Amino acid sequence: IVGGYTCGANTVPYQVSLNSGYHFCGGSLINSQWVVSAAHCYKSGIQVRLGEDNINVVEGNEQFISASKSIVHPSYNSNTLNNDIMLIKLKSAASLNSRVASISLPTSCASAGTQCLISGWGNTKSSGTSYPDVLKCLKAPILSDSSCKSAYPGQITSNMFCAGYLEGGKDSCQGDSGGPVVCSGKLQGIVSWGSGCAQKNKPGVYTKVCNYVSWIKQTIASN
Ligand SMILES: *C(=O)[C@H](CCCNC(=N)N)[C@H](NC(=O)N1CCN(C(=O)NC(C)(C)C)CC1)C(=O)O
Ligand SMILES: [Ca+2]
């Protein structure tokens with residue numbers, strides 16, 4: 001997260017870190033045994049880490065649970081990043097409390113202008129590299145689809161939305177992928193892609209979760 005702030009330990013209870021020997025992507029806990037992340041974050045041998053603040057120090061509220069299965073969206077295209085969403089099932093159900101909680105799926109799609117909270121353990125610099133050990137947060141508005149399309153000609157599908165600032169300076173970045181974009185307590189997006197990070201006129205592009213509620217619900221009901 002570039003140009004954000006330190007969240008505060010366990011203040012984003014649904015934020016999870018996907019670990020395969022190291023943190024490689026974020027995710028959002030949607031119920032005691034399912035996590036939603038980005039399809040581009042797919043890899044075998046995932047251990048889901050919940051209750052995390054400093055990902056490099058065991059501080060006492062963590063729950064490390066291996067994934068039993070991952071389900072990449074059936075129409076995911078890795079070249080265009082269309083349908084960049086994936087479900088991960090935990091081997092055992094997480095113990096839910098104030099610090100570890102699920103985030104609700106949306107009942108409606110959020111509109112341009114809606115303020116959201118984006119979080120993650122990704123790079124904090126737009127040029128160069130610096131990884132924070134504690135969770136970073138960023139309050140950012142969803143941008144209009146026209147400004148989104150104008151920013152990325154021929155690349156924005158109906159399953160994507162831009163969020164951020166055209167001025168640059170504030171955005172998600174490498175290491176934040178798969179993480180949450182929450183608006184009014186509902187998971188509206190997944191950190192997907194962008195050109196570099198926090199660059200002028202290159203806002204973050206997010207998977208439009210509201211388009212996938214039926215798929216998520218049906219997939220969970222049968223797996
Ligand atoms: C996500 O972290 C990156 C995009 C963030 C959004 N950018 C922005 N708003 N301007 C994404 N990098 C990324 O997710 N990858 C793939 C998964 N990781 C990994 O360890 N790779 C394996 C092959 C799975 C081992 C981290 C790097 C990006 O740069 O597009
Ligand atoms: Ca920790």
Side-chain angles (χ1 to χ4, degrees), residues 1-38 40-70 86-105 116-126 128-140 170-192 197-198 204 206:
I1 300 290
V2 181
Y5 58 101
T6 297
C7 306
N10 310 291
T11 57
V12 187
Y14 51 81
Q15 169 79 237
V16 308
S17 165
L18 300 188
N19 183 283
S20 53
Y22 48 83
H23 159 92
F24 69 89
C25 272
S28 300
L29 185 68
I30 60 176
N31 75 193
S32 69
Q33 40 173 23
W34 286 94
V35 164
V36 49
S37 189
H40 83 250
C41 287
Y42 165 81
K43 75 160 63 178
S44 50
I46 294 181
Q47 181 185 238
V48 172
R49 300 193 162 201
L50 308 93
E52 286 282 17
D53 187 38
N54 187 316
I55 54 172
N56 272 319
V57 177
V58 176
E59 307 179 291
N61 293 295
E62 299 94 347
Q63 289 186 50
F64 297 170
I65 302 170
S66 296
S68 50
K69 71 185 79 172
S70 289
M86 162 184 68
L87 284 166
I88 296 166
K89 190 178 185 184
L90 306 185
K91 279 179 177 289
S92 55
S95 299
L96 304 182
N97 45 253
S98 67
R99 297 178 174 253
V100 180
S102 49
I103 184 71
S104 305
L105 296 179
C116 313
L117 180 68
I118 307 173
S119 48
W121 287 278
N123 190 0
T124 56
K125 313 318 165 201
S126 51
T129 302
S130 182
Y131 284 74
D133 292 309
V134 293
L135 190 62
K136 294 284 176 176
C137 277
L138 176 65
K139 288 186 173 177
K170 296 167 128 183
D171 195 7
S172 48
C173 195
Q174 182 61 272
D176 291 321
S177 294
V181 176
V182 171
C183 324
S184 301
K186 300 303 168 59
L187 179 69
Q188 296 286 173
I190 295 163
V191 179
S192 188
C197 306
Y206 303 87

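The residues of the chain are indexed from 1 along the displayed sequence.
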Side-chain heavy atoms of [X] within contact of [Y], under 4.5 Å:
X      : Y      : value
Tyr131 : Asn123 : yes
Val134 : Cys7   : no
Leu105 : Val36  : no
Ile88  : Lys69  : no
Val57  : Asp133 : no

Open item on the list: Test side-chain contact (heavy atoms from CB on, under 4.5 Å) on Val35 and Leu29; report intermediate values, then the result.
Closed with: CA-CA 4 Å; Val35 164; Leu29 185 68; 4.0 Å; yes

At their closest point, which heavy atom of [X] faces which heavy atom of [Y], and how far apart are they?
X      : Y      : answer
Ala94  : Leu50  : CB-CD2, 4.1 Å
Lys125 : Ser130 : CE-CB, 3.5 Å
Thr124 : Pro132 : CG2-CD, 3.8 Å

Enter the distance from [X]:[atom1] to [Y]:[atom2] here, rounded to the nearest 0.5 Å.
X      : Y     : atom1 : atom2 : value
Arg99  : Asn61 : CZ    : CG    : 5.0 Å
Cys41  : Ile46 : SG    : CD1   : 8.0 Å
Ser17  : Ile55 : OG    : CD1   : 5.0 Å
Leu138 : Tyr5  : CG    : OH    : 7.5 Å
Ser32  : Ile65 : OG    : CD1   : 9.0 Å
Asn31  : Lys89 : CG    : NZ    : 9.0 Å

Open item on the list: Distance alone, cut at 3.5 Å: any donor-acceptor contact between the side chains of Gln15 and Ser119?
Closed with: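 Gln15 vs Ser119: donor-acceptor pair found between side chains.
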
- [ ] Show the numbers, then the answer: is there a side-chain contact (heavy atoms from CB on, under 4.5 Å) between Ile103 and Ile30?
- [x] CA-CA 5 Å; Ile103 184 71; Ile30 60 176; 4.1 Å; yes

TODO: For the pair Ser37 (side chain) and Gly26 (backbone), establish whether a donor and an acceptor sit closer than 3.5 Å, ignoring hydrogens and angles.
DONE: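 Checked: pair present.
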
Open item on the list: Tell me whether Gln63 contacts the main-chain N or O of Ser95 through its side chain, where contact means a donor paired with an acceptor under 3.5 Å.
Closed with: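 Pair found, side chain donor or acceptor close to backbone of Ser95.
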
Donor-acceptor list for residues 171-182 side chains, cut-off 3.5 Å, not counting sequence neighbours:
{"from": "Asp171", "atom 1": "OD1", "to": "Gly204", "atom 2": "N", "distance (Å)": "3.3"}
{"from": "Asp171", "atom 1": "OD2", "to": "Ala198", "atom 2": "N", "distance (Å)": "2.9"}
{"from": "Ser172", "atom 1": "OG", "to": "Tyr206", "atom 2": "OH", "distance (Å)": "2.8"}
{"from": "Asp176", "atom 1": "OD1", "to": "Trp121", "atom 2": "N", "distance (Å)": "3.4"}
{"from": "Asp176", "atom 1": "OD1", "to": "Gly122", "atom 2": "N", "distance (Å)": "2.8"}
{"from": "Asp176", "atom 1": "OD2", "to": "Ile1", "atom 2": "N", "distance (Å)": "2.8"}
{"from": "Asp176", "atom 1": "OD2", "to": "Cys173", "atom 2": "N", "distance (Å)": "2.8"}
{"from": "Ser177", "atom 1": "OG", "to": "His40", "atom 2": "NE2", "distance (Å)": "3.1"}

TODO: Walk me through it: do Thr6 and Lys136 pass the test side-chain contact (heavy atoms from CB on, under 4.5 Å)?
DONE: CA-CA 5 Å; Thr6 297; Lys136 294 284 176 176; 2.8 Å; yes

